[PDB]
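This report concerns only the one structure given below.
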Amino acid sequence: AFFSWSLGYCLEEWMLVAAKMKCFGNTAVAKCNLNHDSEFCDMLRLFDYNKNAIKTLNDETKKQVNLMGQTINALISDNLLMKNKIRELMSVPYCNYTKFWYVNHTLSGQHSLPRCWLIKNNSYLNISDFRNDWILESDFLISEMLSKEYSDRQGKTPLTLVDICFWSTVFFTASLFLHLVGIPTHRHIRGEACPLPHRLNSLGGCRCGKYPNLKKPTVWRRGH
Amino acid sequence: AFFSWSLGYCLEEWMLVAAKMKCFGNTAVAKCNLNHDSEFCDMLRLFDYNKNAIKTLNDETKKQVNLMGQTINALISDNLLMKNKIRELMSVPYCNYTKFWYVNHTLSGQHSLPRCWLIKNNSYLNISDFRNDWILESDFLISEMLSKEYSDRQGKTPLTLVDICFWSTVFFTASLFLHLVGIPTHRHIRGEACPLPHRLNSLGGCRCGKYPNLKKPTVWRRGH
Amino acid sequence: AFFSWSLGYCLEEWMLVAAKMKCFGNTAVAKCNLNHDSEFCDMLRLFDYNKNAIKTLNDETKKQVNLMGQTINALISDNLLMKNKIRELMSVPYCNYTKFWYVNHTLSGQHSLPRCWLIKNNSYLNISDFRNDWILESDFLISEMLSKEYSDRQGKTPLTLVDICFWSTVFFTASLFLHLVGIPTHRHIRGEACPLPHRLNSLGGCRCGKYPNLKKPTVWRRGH
Amino acid sequence: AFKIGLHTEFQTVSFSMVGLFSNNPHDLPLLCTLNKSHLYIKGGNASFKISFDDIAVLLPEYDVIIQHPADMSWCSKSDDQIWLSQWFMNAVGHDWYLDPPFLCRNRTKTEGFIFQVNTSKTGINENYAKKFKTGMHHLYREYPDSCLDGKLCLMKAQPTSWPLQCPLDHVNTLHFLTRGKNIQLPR
Amino acid sequence: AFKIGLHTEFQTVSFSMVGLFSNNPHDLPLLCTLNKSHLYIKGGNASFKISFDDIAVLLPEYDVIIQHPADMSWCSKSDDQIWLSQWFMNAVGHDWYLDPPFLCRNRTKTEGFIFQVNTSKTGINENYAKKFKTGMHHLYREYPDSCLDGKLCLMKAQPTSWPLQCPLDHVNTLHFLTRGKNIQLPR
Amino acid sequence: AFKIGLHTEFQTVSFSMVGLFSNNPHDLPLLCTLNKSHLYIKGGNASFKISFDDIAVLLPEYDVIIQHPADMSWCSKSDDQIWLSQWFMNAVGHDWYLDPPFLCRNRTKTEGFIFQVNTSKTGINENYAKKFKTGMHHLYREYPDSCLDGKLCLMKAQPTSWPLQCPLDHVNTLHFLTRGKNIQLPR
Amino acid sequence: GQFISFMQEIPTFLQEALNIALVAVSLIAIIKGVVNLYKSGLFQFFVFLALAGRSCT
Amino acid sequence: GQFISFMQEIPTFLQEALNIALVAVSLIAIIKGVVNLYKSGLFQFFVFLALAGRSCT
Amino acid sequence: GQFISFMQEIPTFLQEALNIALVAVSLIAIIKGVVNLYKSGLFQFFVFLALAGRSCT
Ligand SMILES: *[C@@H]1O[C@H](CO)[C@@H](O[C@@H]2O[C@H](CO)[C@@H](O[C@@H]3O[C@H](CO)[C@@H](O)[C@H](O)[C@@H]3O)[C@H](O)[C@H]2NC(C)=O)[C@H](O)[C@H]1NC(C)=O
Ligand SMILES: *[C@@H]1O[C@H](CO)[C@@H](O[C@@H]2O[C@H](CO)[C@@H](O[C@@H]3O[C@H](CO)[C@@H](O)[C@H](O)[C@@H]3O)[C@H](O)[C@H]2NC(C)=O)[C@H](O)[C@H]1NC(C)=O
Ligand SMILES: *[C@@H]1O[C@H](CO)[C@@H](O[C@@H]2O[C@H](CO)[C@@H](O[C@@H]3O[C@H](CO)[C@@H](O)[C@H](O)[C@@H]3O)[C@H](O)[C@H]2NC(C)=O)[C@H](O)[C@H]1NC(C)=O
Ligand SMILES: *[C@@H]1O[C@H](CO)[C@@H](O[C@@H]2O[C@H](CO)[C@@H](O[C@@H]3O[C@H](CO)[C@@H](O)[C@H](O)[C@@H]3O)[C@H](O)[C@H]2NC(C)=O)[C@H](O)[C@H]1NC(C)=O
Ligand SMILES: *[C@@H]1O[C@H](CO)[C@@H](O[C@@H]2O[C@H](CO)[C@@H](O[C@@H]3O[C@H](CO)[C@@H](O)[C@H](O)[C@@H]3O)[C@H](O)[C@H]2NC(C)=O)[C@H](O)[C@H]1NC(C)=O
Ligand SMILES: *[C@@H]1O[C@H](CO)[C@@H](O[C@@H]2O[C@H](CO)[C@@H](O[C@@H]3O[C@H](CO)[C@@H](O)[C@H](O)[C@@H]3O)[C@H](O)[C@H]2NC(C)=O)[C@H](O)[C@H]1NC(C)=O
Ligand SMILES: *C(=O)CCCCCCCCCCCCC
Ligand SMILES: *C(=O)CCCCCCCCCCCCC
Ligand SMILES: *C(=O)CCCCCCCCCCCCC
Ligand SMILES: *[C@@H]1O[C@H](CO)[C@@H](O)[C@H](O)[C@H]1NC(C)=O
Ligand SMILES: *[C@@H]1O[C@H](CO)[C@@H](O)[C@H](O)[C@H]1NC(C)=O
Ligand SMILES: *[C@@H]1O[C@H](CO)[C@@H](O)[C@H](O)[C@H]1NC(C)=O
Ligand SMILES: *[C@@H]1O[C@H](CO)[C@@H](O)[C@H](O)[C@H]1NC(C)=O
Ligand SMILES: *[C@@H]1O[C@H](CO)[C@@H](O)[C@H](O)[C@H]1NC(C)=O
Ligand SMILES: *[C@@H]1O[C@H](CO)[C@@H](O)[C@H](O)[C@H]1NC(C)=O
Ligand SMILES: *[C@@H]1O[C@H](CO)[C@@H](O)[C@H](O)[C@H]1NC(C)=O
Ligand SMILES: *[C@@H]1O[C@H](CO)[C@@H](O)[C@H](O)[C@H]1NC(C)=O
Ligand SMILES: *[C@@H]1O[C@H](CO)[C@@H](O)[C@H](O)[C@H]1NC(C)=O
Ligand SMILES: *[C@@H]1O[C@H](CO)[C@@H](O)[C@H](O)[C@H]1NC(C)=O
Ligand SMILES: *[C@@H]1O[C@H](CO)[C@@H](O)[C@H](O)[C@H]1NC(C)=O
Ligand SMILES: *[C@@H]1O[C@H](CO)[C@@H](O)[C@H](O)[C@H]1NC(C)=O
Ligand SMILES: *[C@@H]1O[C@H](CO)[C@@H](O)[C@H](O)[C@H]1NC(C)=O
Ligand SMILES: *[C@@H]1O[C@H](CO)[C@@H](O)[C@H](O)[C@H]1NC(C)=O
Ligand SMILES: *[C@@H]1O[C@H](CO)[C@@H](O)[C@H](O)[C@H]1NC(C)=O
């Protein structure tokens with residue numbers, strides 16, 4: 001097929017100036033499945049079409065592969081290239097689809113999408129007029145990596161489960177405190193011992209007559 | 001208006017081969033409000049234009065509805081159809097804007113966006129050369145459903161509130177433990193009773209002379 | 001350069017009918033770095049090109065700034081304007097790239113992207129046929145503001161740290177409860193005192209002969 | 001602009017037009033429609049006025065039947081009028097080698113400058129009439145569309161002074177630039 | 001449609017075709033290919049049939065050598081056939097002023113209507129042959145591509161009754177509308 | 001490539017060019033500019049060299065005034081040169097029926113092959129001069145733009161051997177393919 | 001309401017170590033909260049006030 | 001700083017059952033933490049060290 | 001596994017007040033959980049059952 005991958009993709013040796021097999025990250029490559037303003041991905045689409053061309057040619061088929069202006073116009077983005085030529089006319093930076101740079105996070109292998117190294121007056125742009133970009137590029141790379149790592153676990157656990165865990169934990173803490181502070185159980189007569197099991201009633205006595213109904217003062221305690 | 005809905009949309013009976021009113025999900029339909037590489041949504045736009053055409057025709061208006069090549073070119077995506085014809089030229093799978101398939105989650109009614117069933121050599125593609133797609137499609141459907149259900153509650157509660165709740169809970173636990181372990185209150189003389197209220201001073205005595213300043217040893221306790 | 005900013009941008013006095021310097025939010029302006037269906041951003045691109053034109057003109061350069069149909073076609077979106085003219089032909093609402101409205105959150109300065117105020121029969125659309133839009137626009141503005149404020153802190157803290165904190169908290173609560181309920185330490189003889197340090201063995205006695213091996217009943221307690 | 005909800009407000013922003021037009025590096029041809037009938041097209045220095053009616057002021061027998069822009073030099077003495085006429089006909093779509101020609105006056109004649117095209121919706125020139133209708137619809141936002149399907153309908157374009165009240169719209173200018181191919185704007 | 005996973009199902013939706021075609025406000029020209037050889041193009045009321053073979057039924061010496069659509073009026077008595085032929089040749093790409101002409105019959109001749117174009121892949125007309133091959137490929141999905149590179153190859157288009165079994169496809173109609181410029185669909 | 005921040009690195013990737021060009025299924029026409037003056041266009045087997053100066057080597061009175069590609073057969077004996085010249089003029093934009101013609105030599109003359117076009121920025125041919133300037137700007141990245149507005153300026157294209165040092169750029173090839181319509185690349 | 005859908009979907013995300021850990025900690029927290037509250041004595045006061053006055057013992 | 005904006009926006013998201021539940025649990029946690037700490041005795045030790053030596057009682 | 005990468009990346013997000021607060025509360029929770037469990041007596045029962053029978057004292 002063509003470059004509409006749904007998730008890595010490596011650039012073969014003959015495609016790169018260094019002539020070495022360079023695997024780009026799958027996540028970064030998948031970024032421009034809809035982007036129309038990335039010259040790097042336009043070159044990627046061109047090279048994928050060429051690769052399919054060698055596949056057909058060495059498969060010895062009869063495909064009527066017409067090459068015309070409309071085909072290349074359909075492959076690359078006409079609007080983007082026209083804008084690049086416009087930016088070429090007036091003396092402002094542009095890039096002729098040959099040099100790309102990226103910020104690499106060397107510990108986890110995650111890298112940013114390679115932008116285009118702008119040019120001017122038949123020369124490249126050095127760090128003096130370009131330092132304001134890669135700093136925020138690296139910051140956004142770190143932020144995106146953290147967000148992706150969070151979302152990986154995020155999109156595999158249910159919200160109801162964590163809500164249940166949180167409410168169970170808060171109830172656990174509340175009941176733990178309820179045990180801790182202690183709540184008085186029954187009333188002891190002030191200055192006397194525990195009346196249990198023959199315990200005094202509301203008006204300080206018993207209906208069986210053993211404990212006189214004298215309205216004696218009571219204090220609520222837990223133990224005996 | 002035309003297909004730029006901001007949030008469902010159903011496909012009428014005469015539009016479908018089964019001739020039955022089929023409501024598609026609003027969330028899934030709203031996915032291609034900016035997508036330009038979905039043949040299903042191109043057909044949807046064509047059918048919406050046709051529907052507006054019958055509305056005008058049965059409204060008996062004088063609208064100068066010109067139908068020309070430029071109109072249809074503006075309606076459907078020229079780049080996508082040209083790419084499809086290109087993929088038709090060389091013998092690789094393509095789809096002629098007539099058959100679409102999707103993965104359906106039958107419990108909550110949520111469904112994926114219908115892709116295009118690729119064809120080759122005047123025949124459809126069977127499960128042998130196509131099984132690698134729907135498995136990841138269903139996995140992504142489940143992940144997207146979970147993420148959307150989480151974000152629904154996520155975008156309606158403040159972060160400051162949950163942060164306050166978390167800090168209040170941690171302080172609650174800390175103070176609960178502080179109650180639990182117990183912290184000694186005052187000093188009792190080793191081998192004696194509680195001196196309160198006439199309690200001994202720093203050097204083990206009293207300024208009133210009742211308790212001699214003998215530097216007697218003390219032990220810190222909570223009770224009396 | 002041109003309108004491909006990577007993150008505010010203000011509209012100068014001579015550009016606005018009120019003739020006052022109006023800074024639009026950077027976050028809202030950055031929304032249409034890829035949108036091709038926003039007439040407001042098409043006008044923004046046109047005005048940015050004009051601004052670069054005065055910069056070149058007052059810089060006294062020799063740039064061959066050709067102005068032709070292809071240049072303007074490359075600047076604005078041909079598809080969007082053609083769709084607008086199509087919607088003009090049949091009597092349905094459209095907008096002639098001159099009036100835009102937005103919902104403003106006056107407390108934090110956050111505002112929605114200005115849509116286009118649709119027109120019909122050489123007149124604007126009033127609140128009677130338009131109230132269904134701004135309500136959901138404001139609701140989505142509030143939701144987006146909350147989500148962005150959450151994601152700001154979200155993309156700067158590690159998931160492993162919060163997971164560690166949660167597990168440490170649950171272990172803290174469990175151990176606190178374990179202290180609270182109390183677990184018996186050693187066995188006291190029923191009806192007697194604490195045998196420590198010369199404590200009874202499994203069969204209720206001692207190997208030294210001081211405590212007879214009578215299999216006396218024992219009760220597990222914490223204290224002495 | 002008014003309070004909507006509880007903390008949110010609804011307010012609008014309107015973009016200026018005279019600044020954008022007077023600020024462009026080049027000179028743009030602008031189209032306008034005043035009252036409900038009078039169509040106007042202003043190029044560099046040609047402020048042409050266009051009207052439609054069934055009045056035949058020109059005849060094929062005694063005129064110049066322009067088929068090519070080369071012959072257009074035999075009509076007006078100023079190059080700006082020639083440029084405006086040629087590019088307007090190119091923008092509406094009049095590929096000069098497969099279409100009926102259009103009629104103008106010899107320059108030495110003492111009756112000014114004028115050009116006219118017949119677009120009556122009859123058997124012959126029906127396709128040309130429909131093509132011109134589509135071009136007029138695309139090049140003018142709210143086209144009055146006079147001379148409905150009937151006996152005759154002829155459009156005339158004449159040079160008049162530019163009125164100082166036309167709403168300087170820009171959608172029509174964008175469509176003129178889009179339809180016109182290889183149009184070269186001066187200054 | 002079957003159960004996939006544990007709660008999910010796989011099912012498909014197919015869009016109708018006859019309703020969309022019969023429901024359009026205008027009349028659309030539709031292209032078709034029946035069996036493996038017979039090509040068909042149906043416009044408004046012209047149901048033209050196209051075939052390819054090395055049989056020369058027309059000759060430049062005794063015929064009408066159409067170069068311009070104006071001369072096309074000398075071939076058929078009905079305007080719909082003229083419209084269909086002209087617009088089909090325009091859609092495949094036959095800009096009439098830089099290309100070899102094509103041959104037809106005088107209308108008063110008692111041998112019906114037919115038009116034919118030679119596209120043999122030989123020294124002369126090789127570029128035209130390749131251009132026509134590309135146009136045929138773009139205007140027909142699965143082009144049989146008869147008359148392979150060899151001695152001769154001539155395409156003929158004749159009027160026949162429209163067969164009531166053509167699969168009313170719509171991709172080819174979209175390509176016909178895209179390739180054809182300024183095509184005016186009636187009704 | 002160097003360490004930026006605390007764990008991140010900055011490094012760049014450059015794409016090859018000779019492999020892409022030598023690997024395409026067809027043969028692509030490539031444009032080049034060497035030193036600061038010499039323009040070059042290489043098609044299939046035509047390695048044409050283009051220069052600009054106010055030297056008139058051809059005259060309308062005694063030459064062939066090519067207006068149509070059919071007459072181009074009277075200039076060169078090889079079809080590849082004809083193809084290259086015709087398609088280059090088509091790509092820069094020279095619709096052959098409304099524009100001044102261009103001059104070449106009779107083939108039987110013993111003075112080789114050459115074609116030249118005058119683009120002096122004077123009263124007549126000013127529009128053609130500006131159109132050619134725009135085409136040259138679009139078809140060449142850093143156009144030197146010789147023969148500034150003055151007395152005369154004529155461009156000449158002659159056949160020379162292809163130099164083995166041109167930077168095989170591809171932006172110019174893309175623009176050549178985009179501007180050129182219906183260009184058929186062989187092999 | 002979504003709790004019932006959670007019970008329906010239980011044997012779908014149950015194949016995750018974090019999921020079983022969370023459900024186990026939730027269940028143990030609930031059960032020991034119940035047992036701890038029974039150790040507290042609120043229901044003991046319920047039976048106390050129920051027994052108040054009616055019976056001497 | 002965002003706390004003040006939260007107080008300003010309080011009567012906007014207050015129409016949510018989860019929101020009132022969370023604010024109620026936060027408030028009750030804070031108040032019972034304060035009362036529990038007062039039951040602990042840190043301020044009791046404060047008054048103890050303040051009273052140390054100056055007064056016999 | 002990601003814990004080791006966290007230790008590697010520690011001096012990158014350590015410049016955040018919330019981060020140091022969270023790591024401090026986690027560390028103090030872990031250490032006081034350990035000390036509180038040592039106050040509980042599970043290991044005391046371990047040494048109890050180890051000492052059971054072998055020694056009178
Ligand atoms: C436009 O893209 C082209 C490639 O299509 C860029 O050409 C590059 O130009 C640089 C010089 O600026 C070349 O470096 C030199 O190359 C050779 C290597 O043997 C040698 O002469 C020098 O040692 C030096 O390294 C570079 O090779 C070349 N790249 C390619 C792929 O050909 C060009 O830079 C771009 N345009 C502008 C204005 O930058
Ligand atoms: C291109 O799209 C067309 C529709 O525009 C597809 O045509 C479909 O072709 C199949 C056969 O492969 C047809 O099935 C047959 O239809 C009738 C039903 O009465 C009957 O002959 C058979 O029983 C069988 O079911 C199908 O109806 C037809 N669909 C439509 C909407 O017309 C075609 O498959 C696509 N091209 C390719 C190469 O697949
Ligand atoms: C198409 O866009 C144009 C601008 O290009 C809009 O024109 C606007 O029309 C309104 C009337 O509907 C004008 O308001 C009037 O303006 C002057 C101010 O001195 C005066 O006559 C009245 O007091 C009134 O305010 C408005 O100024 C004008 N705007 C501009 C920027 O020129 C037009 O509304 C749009 N088309 C449609 C059909 O709405
Ligand atoms: C612009 O086009 C219109 C199209 O109608 C021209 O009017 C047409 O002029 C022709 C001249 O041959 C008329 O044909 C003749 O008309 C009558 C019957 O109608 C009769 O004498 C003949 O049988 C022949 O058909 C044609 O009718 C007439 N159209 C109408 C509706 O009357 C008009 O002259 C053209 N304008 C210019 C300035 O050239
Ligand atoms: C459509 O184009 C084909 C292209 O081949 C025409 O056939 C060609 O007719 C010419 C007539 O001059 C033949 O040229 C002559 O042929 C022979 C040698 O082949 C000889 O008499 C002369 O030296 C001269 O070259 C040409 O060969 C012939 N092509 C083939 C392959 O035989 C055909 O006539 C055209 N059809 C129509 C209806 O015009
Ligand atoms: C390419 O175009 C240039 C455009 O300048 C041609 O040069 C022009 O040749 C004409 C011939 O009629 C000159 O017109 C005459 O010039 C003088 C006054 O300048 C006078 O004799 C007449 O009144 C008449 O205007 C024209 O001046 C001259 N341009 C210049 C700047 O001198 C050139 O000949 C063309 N090249 C080819 C190869 O055809
Ligand atoms: C839809 O079914 C509503 C889901 C509500 C879930 C509430 C969970 C409550 C947890 C029980 C705690 C019990 C404490 C004694
Ligand atoms: C902006 O205003 C800063 C917001 C900081 C909120 C901190 C919340 C602290 C919670 C109070 C706990 C009190 C414990 C005694
Ligand atoms: C990759 O390295 C795996 C990371 C697992 C982290 C688990 C954290 C456990 C916290 C320790 C609690 C100790 C209680 C005694
Ligand atoms: C980043 O650098 C590392 C260093 O080991 C390298 O392995 C990795 O491929 C680079 N990432 C890229 C090129 O995307
Ligand atoms: C471009 O670079 C050249 C040297 O290569 C230098 O002479 C010239 O001044 C530069 N031009 C500009 C506009 O910077
Ligand atoms: C860019 O600036 C750096 C600053 O160190 C300098 O070394 C380098 O030469 C500059 N590059 C160019 C092309 O001027
Ligand atoms: C998924 O299947 C269910 C089965 O009941 C059905 O009701 C629902 O409409 C389907 N979803 C679609 C078609 O989007
Ligand atoms: C295409 O299918 C036909 C039968 O319909 C078969 O004969 C032919 O071999 C197939 N071609 C290819 C390339 O698979
Ligand atoms: C696809 O493969 C399946 C495997 O079971 C087979 O039954 C089916 O017939 C195949 N389809 C085609 C079109 O070959
Ligand atoms: C919203 O309104 C406030 C009111 O003070 C204003 O300051 C702010 O600029 C507005 N936001 C915009 C225009 O984006
Ligand atoms: C348009 O408005 C005018 C007044 O300006 C009115 O007379 C006319 O009826 C309106 N037309 C429509 C279709 O609403
Ligand atoms: C829109 O409706 C409101 C309702 O209050 C009315 O006041 C206003 O005049 C209407 N506008 C138009 C243009 O009819
Ligand atoms: C054209 O409009 C102007 C300005 O309102 C007015 O004075 C004049 O009478 C109008 N003319 C016609 C013919 O309607
Ligand atoms: C009037 O101009 C025409 C248009 O070319 C021309 O044929 C005719 O000769 C001119 N008349 C005179 C008297 O020169
Ligand atoms: C064309 O197809 C029809 C329908 O199947 C069939 O009856 C007829 O024989 C076919 N003709 C040829 C020449 O194959
Ligand atoms: C037959 O039609 C042709 C085509 O124009 C024409 O030249 C010829 O005169 C006609 N024949 C007769 C007898 O009129
Ligand atoms: C063209 O460039 C080559 C290669 O550097 C050089 O040898 C030659 O002298 C240059 N010619 C001119 C005329 O500048
Ligand atoms: C030279 O070629 C021209 C160009 O067609 C031609 O007119 C002329 O007759 C040729 N000369 C000879 C002597 O044949």
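Starting from 1 in every chain, residues are counted up; chains themselves are A, B, ... following the order of the structure tokens, and ligands are numbered from 1 as listed.
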Each residue of chain A with at least one atom at most 12 Å from chain I should appear once, together with its nearest atom pair and the corresponding distance in Å (one decimal); atoms considered: only C-alpha atoms; ordering: chain, then increasing residue number; output as a Markdown table.
```
| residue | atom | partner | partner_atom | distance |
| --- | --- | --- | --- | --- |
| A:105 | CA | I:9 | CA | 11.7 |
| A:107 | CA | I:5 | CA | 8.6 |
| A:108 | CA | I:5 | CA | 8.9 |
| A:139 | CA | I:12 | CA | 11.5 |
| A:142 | CA | I:12 | CA | 10.2 |
| A:143 | CA | I:13 | CA | 11.0 |
| A:146 | CA | I:13 | CA | 11.0 |
| A:149 | CA | I:2 | CA | 10.3 |
```
Would you mind exporting N, CA, C and O atoms of the selected residues as a PDB file, in the first residue's frame?
```
ATOM      1  N   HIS A 105      15.976  11.774  22.580  1.00  0.00           N
ATOM      2  CA  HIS A 105      16.072  11.396  23.989  1.00  0.00           C
ATOM      3  C   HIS A 105      16.777  10.046  24.040  1.00  0.00           C
ATOM      4  O   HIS A 105      16.160   9.000  23.822  1.00  0.00           O
ATOM      5  N   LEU A 107      17.931   8.015  26.216  1.00  0.00           N
ATOM      6  CA  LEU A 107      17.776   6.967  27.221  1.00  0.00           C
ATOM      7  C   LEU A 107      16.667   5.986  26.860  1.00  0.00           C
ATOM      8  O   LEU A 107      16.813   4.779  27.079  1.00  0.00           O
ATOM      9  N   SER A 108      15.556   6.473  26.315  1.00  0.00           N
ATOM     10  CA  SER A 108      14.441   5.613  25.947  1.00  0.00           C
ATOM     11  C   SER A 108      14.272   5.464  24.443  1.00  0.00           C
ATOM     12  O   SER A 108      13.356   4.762  24.004  1.00  0.00           O
ATOM     13  N   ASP A 139      11.653  20.377  25.345  1.00  0.00           N
ATOM     14  CA  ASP A 139      10.694  20.442  26.445  1.00  0.00           C
ATOM     15  C   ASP A 139       9.389  19.752  26.068  1.00  0.00           C
ATOM     16  O   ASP A 139       8.832  18.968  26.849  1.00  0.00           O
ATOM     17  N   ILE A 142       9.834  15.934  26.082  1.00  0.00           N
ATOM     18  CA  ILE A 142       9.757  15.347  27.419  1.00  0.00           C
ATOM     19  C   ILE A 142       8.309  15.312  27.898  1.00  0.00           C
ATOM     20  O   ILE A 142       7.836  14.305  28.446  1.00  0.00           O
ATOM     21  N   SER A 143       7.581  16.415  27.693  1.00  0.00           N
ATOM     22  CA  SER A 143       6.184  16.461  28.111  1.00  0.00           C
ATOM     23  C   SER A 143       5.355  15.410  27.386  1.00  0.00           C
ATOM     24  O   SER A 143       4.524  14.731  28.001  1.00  0.00           O
ATOM     25  N   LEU A 146       6.123  11.898  28.771  1.00  0.00           N
ATOM     26  CA  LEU A 146       5.456  11.672  30.051  1.00  0.00           C
ATOM     27  C   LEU A 146       3.957  11.467  29.865  1.00  0.00           C
ATOM     28  O   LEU A 146       3.361  10.572  30.479  1.00  0.00           O
ATOM     29  N   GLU A 149       3.331   7.979  28.370  1.00  0.00           N
ATOM     30  CA  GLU A 149       3.524   6.924  29.358  1.00  0.00           C
ATOM     31  C   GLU A 149       2.378   6.893  30.358  1.00  0.00           C
ATOM     32  O   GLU A 149       1.968   5.816  30.806  1.00  0.00           O
TER      33      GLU A 149
END
```
- prompt: Skipping near chain neighbours, those fewer than 4 positions away, what residues fall within 9 Å of segment 32-34 of chain G using only C-alpha atoms, listed as a list in words?
  reply: residues 168, 171, 172, 173, 174, 175 and 176 of chain A; 27, 28, 38 and 39 of chain G
Return as a compact mmCIF listing (two decimals) with C-alpha atoms, in the first residue's frame every polymer residue, whether protein, DNA or RNA, with at least one atom no more than 12 Å from an atom of ligand 5; count only C-alpha atoms and all ligand atoms.
```
# COMPACT_ATOMS: atom_id res chain seq x y z
CA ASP E 53 -10.09 -3.16 -33.37
CA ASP E 54 -7.83 -2.83 -36.42
CA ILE E 55 -10.70 -2.34 -38.88
CA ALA E 56 -10.62 0.91 -40.85
CA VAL E 57 -14.18 1.91 -41.74
CA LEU E 58 -13.35 5.59 -42.37
CA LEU E 59 -10.72 7.24 -44.56
CA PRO E 60 -9.36 10.82 -44.63
CA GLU E 61 -9.77 11.19 -48.39
CA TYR E 62 -13.59 10.80 -48.40
CA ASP E 63 -15.02 11.94 -45.06
CA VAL E 64 -15.33 15.00 -42.85
CA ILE E 65 -12.14 15.71 -40.90
CA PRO E 100 -4.57 15.51 -35.13
CA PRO E 101 -8.24 15.80 -36.13
CA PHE E 102 -10.75 12.97 -36.09
CA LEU E 103 -12.95 11.59 -38.84
CA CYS E 104 -16.72 11.39 -39.24
CA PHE E 115 -16.94 8.35 -35.25
CA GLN E 116 -13.53 6.70 -35.07
CA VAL E 117 -10.02 7.61 -33.90
CA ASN E 118 -6.78 5.82 -34.75
CA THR E 119 -4.47 5.15 -31.79
CA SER E 120 -2.00 2.65 -33.21
CA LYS E 121 1.28 2.66 -31.27
CA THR E 122 3.54 3.48 -34.22
CA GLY E 123 6.11 6.18 -34.96
CA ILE E 124 3.64 8.93 -35.78
CA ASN E 125 0.72 9.41 -33.36
CA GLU E 126 2.70 7.62 -30.65
CA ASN E 127 2.29 10.57 -28.27
CA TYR E 128 -1.42 10.75 -29.09
CA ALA E 129 -1.70 7.00 -28.55
CA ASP E 149 1.40 -2.42 -29.44
CA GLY E 150 1.49 -3.75 -32.99
CA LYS E 151 0.29 -3.10 -36.52
CA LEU E 152 -2.89 -1.06 -36.08
CA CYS E 153 -5.55 -0.12 -33.54
CA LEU E 154 -8.63 2.01 -34.19
CA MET E 155 -11.41 2.87 -31.75
CA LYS E 156 -14.97 3.22 -33.01
```
query: Any idea what's packed within 10 Å of segment 162-176 of chain E, counting only C-alpha atoms, ignoring anything in its chain fewer than 3 positions away? Could you give it as a ChimeraX atom specification?
result: /B:69,72-73,76,78,81-82,85,96-98 /E:17-18,20-21,28-35,40-42,45-49,87-88,91-92,135,138-141,159,179-181,183
- request: Write out as number ranges by chain each polymer residue (protein, DNA or RNA) that has an atom no more than 7 Å from ligand 20, with only C-alpha atoms and all ligand atoms counted.
  value: D: 64, 71, 74-75, 106-108
Distance query residue 98 of chain F at most 10 Å, only C-alpha atoms, self and fewer than 4 positions along chain excluded, as a VMD selection string: (chain D and resid 68 to 70 95 to 97) or (chain F and resid 67 94)
